[PDB]
Each structure stands twice: as C-alpha cells, then as structure tokens.
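Letters A, B, ... are given to chains in the order of the sequence lines, protein chains preceding strands, and every chain is numbered from 1. Both counts, for ligands and for their atoms, begin at 1 and track the order of listing. These values consider heavy atoms only, across backbone and side chains, with no hydrogens, waters or symmetry-generated copies.
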Amino acid sequence: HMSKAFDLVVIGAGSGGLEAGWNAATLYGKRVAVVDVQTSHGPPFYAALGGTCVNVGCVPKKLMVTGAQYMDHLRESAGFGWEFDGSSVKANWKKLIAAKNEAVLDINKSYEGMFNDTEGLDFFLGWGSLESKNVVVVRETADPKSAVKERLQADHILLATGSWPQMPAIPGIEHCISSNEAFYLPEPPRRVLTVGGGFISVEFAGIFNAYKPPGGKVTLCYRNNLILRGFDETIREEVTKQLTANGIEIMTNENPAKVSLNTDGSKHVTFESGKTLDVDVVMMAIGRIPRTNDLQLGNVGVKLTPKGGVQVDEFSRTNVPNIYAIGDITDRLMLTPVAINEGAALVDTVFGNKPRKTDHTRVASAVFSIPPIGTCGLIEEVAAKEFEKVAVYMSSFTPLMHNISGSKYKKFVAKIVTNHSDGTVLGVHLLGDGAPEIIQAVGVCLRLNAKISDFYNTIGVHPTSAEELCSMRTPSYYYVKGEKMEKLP
Amino acid sequence: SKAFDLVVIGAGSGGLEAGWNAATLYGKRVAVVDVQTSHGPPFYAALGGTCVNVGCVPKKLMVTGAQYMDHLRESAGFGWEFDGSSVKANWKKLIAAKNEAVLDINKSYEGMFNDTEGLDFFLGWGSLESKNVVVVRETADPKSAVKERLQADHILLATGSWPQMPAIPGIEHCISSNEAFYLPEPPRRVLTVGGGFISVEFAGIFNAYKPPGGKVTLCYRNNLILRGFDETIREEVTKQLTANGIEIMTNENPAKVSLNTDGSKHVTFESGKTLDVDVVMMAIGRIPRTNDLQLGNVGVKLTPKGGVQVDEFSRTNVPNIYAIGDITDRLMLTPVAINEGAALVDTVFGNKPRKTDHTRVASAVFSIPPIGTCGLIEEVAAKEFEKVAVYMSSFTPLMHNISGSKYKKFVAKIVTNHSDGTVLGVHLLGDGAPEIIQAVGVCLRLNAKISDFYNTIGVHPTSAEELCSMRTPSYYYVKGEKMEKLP
Ligand SMILES: Cc1cc2nc3c(=O)[nH]c(=O)nc-3n(C[C@H](O)[C@H](O)[C@H](O)COP(=O)(O)OP(=O)(O)OC[C@H]3O[C@@H](n4cnc5c(N)ncnc54)[C@H](O)[C@@H]3O)c2cc1C
Ligand SMILES: Cc1cc2nc3c(=O)[nH]c(=O)nc-3n(C[C@H](O)[C@H](O)[C@H](O)COP(=O)(O)OP(=O)(O)OC[C@H]3O[C@@H](n4cnc5c(N)ncnc54)[C@H](O)[C@@H]3O)c2cc1C
Ligand SMILES: CN1CCN(C(=O)Nc2ccccc2)CC1
Ligand SMILES: CN1CCN(C(=O)Nc2ccccc2)CC1
Ligand SMILES: [Br-]
Ligand SMILES: [Br-]
Ligand SMILES: [Br-]
Ligand SMILES: [Br-]
C-alpha cells in the first residue's frame with residue numbers, strides 16, 4: 001500500500017477546513033485531502049465531518065433554542081385570544097433530540113456525498129498528526145502509538161482541528177458533563193446547574209428551562225459579578241433580569257468547589273462559599289481550549305502562543321513556511337463564519353495569486369438566549385479607551401406586543417456607540433426578539449464606515465423593532481477622555 | 001379668532017411630526033385639527049392618525065395574534081404536546097386588547113398637547129376659508145356651525161387617505177378595513193377584494209381567527225397579487241397563502257353584491273361565478289382625502305389622479321400652503337409622512353432647506369410569512385440600466401423541515417447594476433424579513449455593492465446571512481431582456 005500525495009492536506013473537516021478544502025479543489029484545481037475522526041455526529045468523539053458547529057454546535061443548539069421558544073409562545077398566545085387546555089401541555093425532550101439528530105445526520109450524509117463526487121477533494125477517516133514538514137500521518141486513535149492508516153504527502157498543510165470544552169480540576173469533576181453530552185441526554189434534567197457566564201451556559205440554561213419536567217429548576221452559576229463578559233453592560237444586566245423573570249436562578253460570585261453523589265445518585269454540589277445545591281446534572285461551560293495536543297506539533301516545531309493556540313500572522317501562517325492554521329485552534333474569535341472567512345482568504349492567497357487577510361474587527365455575532373442578543377463592533381467602555389469623545393445613543397422599552405402578551409419584563413434594548421468627533425459608528429448592541437436577524441446588515445454598514453447620520457437619515461420600516469436604530473439623533477450620554485457624563489462640558 | 005404661525009389640518013403621522021417639531025424645535029405657535037380624539041366609529045381615524053388608530057399599529061397586533069395559529073401547530077415538531085381539540089381563537093379578546101392599546105396611545109397624545117408650549121389641538125373639521133384662514137366646523141358639511149376661525153401664516157394639509165369603493169350595485173353591503181377592525185365576531189366566510197398589502201394582511205388575520213368550517217377567499221382582478229413587489233416573491237407568497245388554506249381567485253372582479261335572507265352576502269363576479277360569504281371587505285386602493293377641505297376657496301391645484309400637487313419641498317401652487325403624507329398620493333407609508341413633515345418644518349422655520357428622498361425606502365408586508373423590501377425590483381431596474389444582475393437564494397429553512405411547514409421557502413434576492421456592482425434593490429420573503437431589511441436601507445445610502453455584502457462576515461445561524469453568501473448572479477437583464485448568461 002502506497003502513500004498518497006496532495007497539494008494541500010487539511011486536518012479537521014470543520015467550518016474552516018471544509019471551506020479551504022472545497023475552495024482549493026473547485027476554484028483552483030488543486031488536489032486536496034481532508035482528515036476527520038468520525039463520519040457523523042455524536043459519541044464517542046461528538047464532533048465529526050462538518051465540524052463542531054454542524055454536529056454539536058450552532059446548528060443543533062439553534063434548533064433546540066427554537067424548540068425552547070415555544071414555552072414562551074404557548075403562554076404569550078393567551079393575551080391574543082388563544083385558549084387551550086393548559087394542564088395538557090408537555091415538552092417532550094426525546095422527540096426534540098430525535099428530530100435534531102435526524103437533521104444533523106442528513107447534513108453528515110450530504111458532506112459524505114460531496115467527497116465521492118468532487119474531483120481532487122478526498123476524505124480520510126482517522127486522527128491526523130504532523131510527522132514532518134511535508135507528511136501528515138493518519139492513525140487509528142489520538143495515541144501516537146496507534147496503528148497507521150495512511151501517510152499523506154502535502155506541499156501545504158492546514159491545521160483546523162477546532163477546540164474542546166475545558167473542565168476544572170475539582171474533586172468530583174467526573175460527575176459532570178460538558179455541552180457535548182448535553183446534546184444527547186436521554187431525558188431532560190429535573191434540576192440542572194449550568195456553570196459559566198458565557199453564551200453556551202446561558203443558551204443551555206434557556207433550553208433546559210423550557211423542557212424541564214414538572215417541579216424542575218434550572219440554576220446558572222458564575223464566579224464573577226455579572227454574566228456575559230465582553231457584551232454591552234446594559235444588555236448584560238437586562239439578560240440577567242429576563243432570565244430571572246422566566247424562572248432561572250442566577251448565582252453570581254459563586255463557583256463549585258467539589259461534587260459528590262448523594263445516596264440516591266443525585267449530585268451534591270458544594271461551592272467555595274459553602275452553599276450547597278442538589279441537582280441531577282452539572283454542565284460545565286467555563287470555556288473552550290484549542291485542540292493542539294494530538295497534532296504532535298513538536299515534530300516540526302510549530303510555535304504555540306502562551307495561551308495555548310497555534311501562533312499565526314495576519315495571513316494565517318505559522319512559523320513553519322508551508323503550515324497554516326485557522327479557526328478555533330488559533331484561540332481568537334471562536335465563530336464559524338470567522339473560520340470560514342479565514343479559510344477562503346488563505347486559499348485565495350496561497351493558490352489564487354490574490355492575497356487577502358481576514359478582518360477580525362466589526363464582526364457581527366449573536367447569543368441565542370431567550371430573548372436573544374445581536375451585536376457588532378465595540379462596547380462603549382472599550383471605545384472610551386481609544387477615542388477622546390464617545391457618544392452613546394440608547395433606546396430601551398417594553399414593546400407594545402409584550403404588554404399584551406404578558407411578558408412585560410421583555411425590554412428591547414438598542415444601543416449605538418459612536419466616535420463623537422466624526423460620527424462614525426463604532427458598535428451596535430441589541431437585545432430582544434429578532435436581534436440576530438437585525439444585526440446582519442448592520443455589519444455591512446460598519447464595513448462601509450457608516451456614521452450615525454447615515455442611520456438617522458434612513459427612513460424606518462414601521463412597525464418594527466429595527467426602526468429604533470434609524471430614529472436616534474441625540475446622544476443619551478458621553479465619554480470624554482474616558483469619563484462618563486450626561487452632557488459635554 | 002386666534003393667530004398661529006402654523007395650522008395643521010390632520011393630527012396624523014405627518015401632521016403631528018410637523019406640529020411638534022415646529023413648536024418644540026423652532027418655538028413657533030402651532031394649531032392642529034382633527035375630527036375625533038380617540039379611535040373607532042364613526043370616523044375611525046382620529047388624533048394620532050390612520051396608522052395609530054386603524055392602520056399599522058392595530059393591524060400588526062392582529063397579525064401577531066394570527067401567527068399563533070402557526071406557532072401552535074409547528075411546536076409539535078419540536079416535541080410540544082397538548083390537546084389540539086381544545087384550541088380556539090377568541091377574536092373578541094383580540095379586539096379588546098387591541099382597543100385598549102390604541103386608546104392608551106390616544107390618551108398619550110392628549111397629554112402631549114397639554115404639556116407642550118405653543119402646540120394646541122382643536123376638535124372638528126378643517127377647511128380653507130381663505131389663503132390665511134382655516135375654519136373648523138362641527139361636521140364635514142361646509143354649512144355646519146363654525147367652531148373656530150384660525151388665521152395662519154402657514155397652512156399644512158395632512159388629512160391622509162380613505163378607502164376606495166368601486167361603483168358596483170350593492171357596494172353598500174361591503175366593508176373596508178375601517179370596519180374590519182371592529183367586527184363583533186370573526187367572519188366564518190370572508191371575501192377580501194384586492195391584491196395589495198391590506199387585502200393580503202387581512203386575509204391572514206381572518207384565516208387564523210375563523211370559526212370551525214370557515215374559509216377565507218381573496219380575489220384580485222389581474223393575474224398575480226401584490227403588484228409592485230418582486231415577482232418571485234409575489235408567486236411564492238401566493239403559494240404559501242394557499243398552503244395555509246386561503247383561496248386565491250385571480251383574474252376575478254366583483255360585479256355586484258346582494259343580500260341573502262340569512263344576512264350573508266351573494267357576490268356575483270364579472271365572469272359569472274358566484275360566492276356566498278358573511279363579509280365582503282373591499283381593499284382595492286386608498287385615495288387622497290381632499291373633498292372636505294374646500295380647496296376651491298383658495299385654488300389649490302390637484303393632480304389628474306386627485307392628490308394635492310406639490311413640489312419636492314411639499315409646496316402647493318398657493319404660497320404658504322403645504323401638503324404632506326397620503327394626501328399627496330405618492331408613497332403611502334407612515335415613516336415617509338413623518339419624514340416629509342420634518343423636512344417641511346426645517347425648510348420653513350429653520351435655515352436649511354430639506355427635501356425628502358422617496359427612493360430606496362424600505363418597507364414591509366405583514367403577510368404570513370412576511371415580506372421586506374428596499375429599492376428597485378428587477379424589471380424596473382432593467383428599464384433604467386443596460387446591464388442588471390439578479391442574485392437569488394430560495395429554500396425551506398431547516399427549522400421548517402422539522403416544524404412541518406415545508407411550504408415556507410425563504411426567498412432572498414439582490415438586484416444590482418452589473419456595470420459596477422451597485423445594489424439597486426433587496427427583496428426578502430420569510431420569518432423576520434421586515435426586521436432584516438431595515439439596515440439594508442442604510443446600506444443603500446452608503447452606495448453598497450454586492451461585494452460589500454459578500455465580503456461581510458455572516459452571523460450564523462440566521463436567515464439574514466443569506467444576504468452575505470451570494471457571489472454569482474442567477475441571471476441578467478441586458479437592454480431590458482432577461483437571459484441566463486451574458487452575451
Ligand atoms: C455549543 C456550541 C455552540 C456554538 N454556537 C455557535 C453559533 O451559534 N455561532 C457561531 O458562529 N459559532 C458557534 N459556535 C462555535 C463554532 O462551533 C466554532 O467557532 C467553529 O466550529 C470553529 O470552526 P473550526 O473550523 O475552527 O473547527 P471545527 O468546526 O470544530 O472543526 C474541527 C474538526 O477537527 C476534527 N479534528 C480534531 N482533531 C483532529 C485530528 N487530530 N485529526 C482529524 N480531525 C480532527 C474535529 O472532529 C472537528 O470536526 C458554537 C460552539 C459550541 C461548542
Ligand atoms: C389598514 C392599514 C394598514 C397600514 N399599515 C401600514 C404599515 O404597516 N406601515 C406603514 O408605514 N403604513 C401603513 N399604513 C399607511 C399609513 O397608515 C399612512 O401612510 C399614514 O397614516 C398617513 O399619514 P398622514 O400624515 O398622511 O395621515 P394620517 O395618519 O391618515 O392622518 C390624517 C388625519 O386627518 C384627519 N382628518 C381628515 N380630514 C380632516 C379634516 N377635514 N379636518 C380635520 N382632520 C381631518 C383624520 O381623522 C386623520 O387622523 C397602513 C394603512 C392602512 C389603512
Ligand atoms: C420611536 N419608538 C417608538 C416605540 N417606543 C416606545 O416607547 N414604545 C412603548 C410601547 C409600549 C409601552 C411603552 C413604550 C420607543 C420609541
Ligand atoms: C448558505 N445557505 C445556507 C442555507 N441554505 C439552504 O439551502 N438551507 C438548507 C435548508 C434545509 C436543508 C438543508 C439546507 C442556502 C445556502
Ligand atoms: Br421527554
Ligand atoms: Br444626524
Ligand atoms: Br381587485
Ligand atoms: Br398582474
């Protein structure tokens with residue numbers, strides 16, 4: 001049996017790796033091999049062909065949040081005249097999980113067929129690692145002593161293996177799960193603790209809250225004072241209130257110290273403070289770390305950053321000339337469309353004689369909390385460090401429909417942050433139904449260097465939430481040399 | 001007799017914007033006239049305007065209510081179980097909640113008048129007595145009792161529009177959207193007449209709240225509903241309305257309506273076909289509301305179509321008399337009337353002329369599912385530009401393969417000047433489309449090109465990211481003719 005040779009070998013058939021591989025083969029006629037550890041979703045390795053987003057990430061979690069939203073819809077419908085037997089309502093988690101599994105598997109199968117049909121784009125099943133500057137080895141397991149399935153000669157090598165959940169080293173950590181296992185729970189937990197203040201903890205808190213059996217309770221804990229670091233602070237505070245209003249208990253300034261099993265098999269959590277909580281599931285969502293351990297990067301000398309991700313320049317190049325890295329493995333912005341963009345730019349540069357680097361600024365993104373967040377660009381306290389004068393335009397109100405629905409706690413927040421010296425829009429931050437859909441074209445605006453006057457001159461679409469972005473002409477307040485104040489001096 | 005800088009006839013979308021801005025931003029003395037202080041019969045529109053009282057605001061609440069018919073059925077695919085036989089749609093509860101919200105807005109505008117210096121409200125019917133005198137009378141009759149005589153340096157006509165009713169035998173047994181907002185019971189069988197957004201939106205409202213055995217029919221005299229919107233979307237919304245149980249009768253037009261002994265209506269179409277319904281709602285158009293203004297007293301000129309004629313700065317032919325909003329018979333949208341009112345006041349009472357831009361105005365249809373659009377449709381672009389490219393994406397979103405509403409294709413189209421990539425129009429059909437389109441309207445004011453969309457990083461997973469995923473045209477227009485490939 002002989003080794004096979006390629007222009008490009010991609011380790012990791014995920015969001016970025018598949019974009020790079022497909023573009024290299026179909027746009028530029030190169031011979032490409034792509035390596036992944038599993039052909040469809042789930043245990044044992046969870047991620048698989050298609051990547052983390054497709055298998056245990058954006059795609060299934062969005063379907064599950066959509067399912068969770070129906071708890072709100074069913075209740076809110078009564079204000080509009082809908083009547084039905086409320087005591088008959090049940091949330092069948094097994095049906096949700098089965099429908100999600102079938103959708104993800106359909107995507108898996110379609111990716112499998114792309115490889116069969118596409119000239120110069122081949123898929124190899126196994127664990128990829130670096131043997132030398134121009135040889136990728138594919139083994140049966142992540143153990144470098146496991147059997148060799150293939151050796152792939154490569155002129156160019158792309159590392160795109162993504163990330164993995166981080167688990168804290170506390171006694172009893174073996175009684176806990178991550179988001180990977182959450183996607184496959186046989187039954188919805190009656191009592192669950194989600195640990196972490198980031199988007200995965202918050203999103204799963206919403207999902208469990210809707211599907212919990214009778215008498216259930218969802219608790220989210222976070223070790224610092226206010227969840228969702230990195231997002232607009234008004235929105236951080238409001239999401240906390242609206243989660244609380246829908247029955248989720250938020251424990252800030254708390255952190256698990258150990259976990260043990262009660263005699264009935266439930267989990268007994270003791271926090272560093274000495275508080276205790278009995279739950280049926282502990283889901284850790286305290287961060288994700290780049291997946292570099294299994295690549296054997298020492299064999300070729302690829303440098304990692306202090307944080308632990310592959311060091312890259314603006315063109316995704318490592319310190320080894322023909323070896324590149326994109327996506328979560330670079331430990332920067334961990335978003336699927338950023339990995340895809342980096343992959344396309346890399347391939348245009350290397351094989352297309354059209355150099356291009358990814359712009360990591362002004363990236364629009366969302367949190368599918370209930371209600372959701374959409375954001376693009378800088379938060380005001382960051383802007384205040386860079387610009388002498390910052391203006392903040394802010395509208396916050398319960399929309400009229402939620403005065404009828406009964407969910408009066410659902411305040412919509414729209415904020416625009418500007419460089420007041422010239423009006424340029426530095427960031428836009430939204431909380432409320434539709435926010436992830438509204439924010440997409442906002443990203444186009446910011447890439448075109450829109451000013452606040454460009455928004456205000458635009459005629460609103462009425463009645464919408466989005467029109468609030470086009471009706472703000474006077475700052476709510478300012479930052480002058482870093483200092484917050486209602487008026488300029 | 002009382003003296004004012006500005007007298008506004010019509011306390012509506014544009015008239016309230018103009019009056020409030022004149023008083024608070026320019027310190028002027030302002031009087032505003034309307035015929036009713038709160039919503040509903042007998043005059044329907046009132047303080048706040050058509051949008052507030054019998055327009056955008058209440059109809060959006062009722063469309064939201066109607067969407068729950070879809071949400072309840074679609075929840076099942078995501079594991080929600082309940083007793084489907086127990087579901088019923090209480091129209092009376094919907095109407096009462098709508099009435100309370102509108103009334104709250106009416107009261108809010110009252111207090112705005114009580115709280116604002118130099119801004120006064122007068123109840124009654126305004127007309128032009130002379131070039132600088134506005135008379136307020138008890139009724140629309142120009143011989144009813146005078147209540148006020150208002151002299152004005154400047155007069156603003158802002159009386160809006162009114163439903164058009166065809167001259168057919170039995171038209172008196174039909175209603176318009178005005179009465180639809182106040183029906184005591186949801187009609188079991190209803191015919192909505194017209195192909196425009198009001199007919200389409202009410203068809204979806206009635207379809208969700210109809211009692212058992214009910215049926216909604218929409219008829220339209222030409223071949224395809226929603227003229228002026230993107231053709232792909234006109235066809236798809238036809239298909240998706242049909243998929244939800246609405247009967248679309250194209251190339252049909254009522255010729256007469258008669259009374260049945262049980263109180264229902266017998267409609268006879270020009271083709272000879274007949275249909276018995278409980279309610280016939282006419283939504284074939286709205287026309288400028290000019291008859292009660294006595295424009296003959298001063299000589300304000302109308303267009304052949306019946307709008308008050310204006311220049312780009314909303315000026316009539318009579319100096320110091322202006323017109324904005326639906327009475328000018330242009331774009332009949334609330335945000336446009338607001339923009340015109342503010343531009344007018346900035347011009348007259350400030351030192352910077354401003355004119356409203358009527359191009360690239362984003363708008364929506366709250367059909368189920370809804371439409372969002374901004375800018376030119378491809379056949380209008382093809383007449384103005386030598387080379388037009390159309391970028392098209394149309395698919396059923398993954399969630400609706402699970403929900404069971406597989407008919408709900410999302411449609412996204414981008415129309416460009418292919419000579420330089422400039423985006424000329426964007427057209428959307430699907431959940432969230434009115435919200436997605438708003439910032440697209442900002443993009444078109446930054447001369448966005450298709451590559452500006454495609455080079456922007458998407459937000460995933462959303463429907464909106466489709467707008468940033470389209471690189472290659474689906475087809476073209478060259479010198480006005482449609483073709484798949486360039487020549
Ligand atoms: C729960 C969750 C929700 C998320 N939601 C969103 C969202 O809504 N929006 C968003 O933009 N992002 C979201 N993300 C992030 C998104 O999933 C990642 O940013 C994106 O998938 C990273 O792409 P990538 O190409 O770096 O790697 P991935 O898509 O992770 O692909 C890496 C692949 O490498 C394979 N692999 C690993 N090691 C090896 C090896 N040695 N040999 C061969 N193959 C290997 C893995 O099996 C995997 O398939 C979410 C993530 C999670 C965990
Ligand atoms: C069913 C329906 C739905 C709509 N939905 C939308 C939508 O979703 N979005 C949108 O943008 N637009 C919508 N519109 C259009 C919108 O309502 C109008 O464009 C807007 O209200 C017109 O503003 P205006 O200032 O011209 O007049 P209006 O807001 O109509 O106000 C005119 C006022 O003048 C008063 N008046 C009339 N004659 C006299 C007189 N002689 N003396 C004193 N007062 C008088 C009337 O009582 C009324 O209050 C809708 C319209 C309808 C009918
Ligand atoms: C221009 N916008 C209009 C909407 N809006 C509100 O204040 N709305 C509102 C609705 C119901 C109760 C309270 C407030 C913000 C400004
Ligand atoms: C970039 N987009 C992604 C979405 N998309 C689809 O076709 N969606 C789809 C729907 C159901 C099953 C499979 C795919 C168009 C292209
Ligand atoms: Br279950
Ligand atoms: Br401005
Ligand atoms: Br018609
Ligand atoms: Br037609």
Side-chain angles (χ1 to χ4, degrees), chain A residues 19 50 53-54 58-59 63 102-111 336-337 340 393-405 408 410-414 432 460 462-473, chain B residues 17 51-52 56-57 60-61 100-102 104-105 108 164-166 168 191-196 198-200 218-227 248-255 269-270 281-285 334-335 338 392-403 406 408-412 430 454 458 460-471:
Chain A
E19 181 77 8
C53 181
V54 165
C58 350
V59 173
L63 296 180
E102 179 69 3
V104 172
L105 182 65
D106 275 347
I107 296 159
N108 294 143
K109 288 173 179 176
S110 77
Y111 276 134
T336 275
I340 290 170
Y393 304 79
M394 165 161 138
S395 177
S396 188
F397 60 96
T398 301
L400 174 58
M401 88 144 268
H402 286 305
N403 288 320
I404 285 90
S405 84
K408 295 181 196 226
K410 290 189 182 183
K411 284 186 188 48
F412 198 96
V413 183
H462 182 61
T464 64
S465 290
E467 67 175 308
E468 294 297 312
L469 292 179
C470 294
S471 69
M472 284 181 306
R473 53 161 197 171
Chain B
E17 176 78 5
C51 180
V52 163
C56 347
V57 171
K60 174 75 177 275
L61 289 177
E100 171 181 32
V102 174
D104 283 350
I105 297 174
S108 176
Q164 180 189 338
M165 301 290 273
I168 61 170
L191 173 68
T192 69
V193 183
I198 292 177
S199 186
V200 169
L218 180 155
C219 66
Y220 173 55
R221 68 191 304 155
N222 299 129
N223 191 64
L224 177 69
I225 64 173
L226 288 166
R227 267 188 184 185
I248 313 292
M249 295 181 71
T250 51
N251 306 289
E252 300 280 348
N253 196 37
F269 294 87
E270 289 175 17
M281 190 191 89
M282 285 278 172
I284 61 167
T334 273
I338 291 166
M392 183 172 71
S393 164
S394 172
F395 61 89
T396 300
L398 180 56
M399 88 142 287
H400 283 310
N401 282 325
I402 295 182
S403 82
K406 294 174 183 165
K408 283 175 176 190
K409 309 270 188 50
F410 198 94
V411 177
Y454 178 79
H460 179 71
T462 62
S463 293
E465 64 178 315
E466 285 309 300
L467 289 177
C468 304
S469 307
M470 290 189 276
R471 225 211 308 146

Original post:
Around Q164(B), counting heavy atoms of other residues, nucleotides and ligands shown, do more than 12 lie under 6.0 Å from its CD?
Top reply: yes
**OP:** Spell out, as yes or no, whether a donor-acceptor pair under 3.5 Å connects the side chain of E466(B) to the backbone of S463(B).
**Re:** no
Subject >> Side-chain donor or acceptor of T396(B) paired with backbone N/O of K406(B) under 3.5 Å >> reply: yes
Original post:
What's the spacing between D104(B) CG and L400(A) CG if we round to 0.5 Å?
Top reply: 8.5 Å
**OP:** Please list, by chain and number, the protein residues whose heavy atoms come under 4.0 Å of ligand 3.
**Re:** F397(A), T398(A), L400(A), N403(A), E468(A)
Subject >> Donor-acceptor under 3.5 Å (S199(B) side chain, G196(B) main chain) >> reply: no
Original post:
About how many Å separate NZ of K411(A) and NE2 of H402(A), when rounded to the nearest 0.5 Å?
Top reply: 12.0 Å
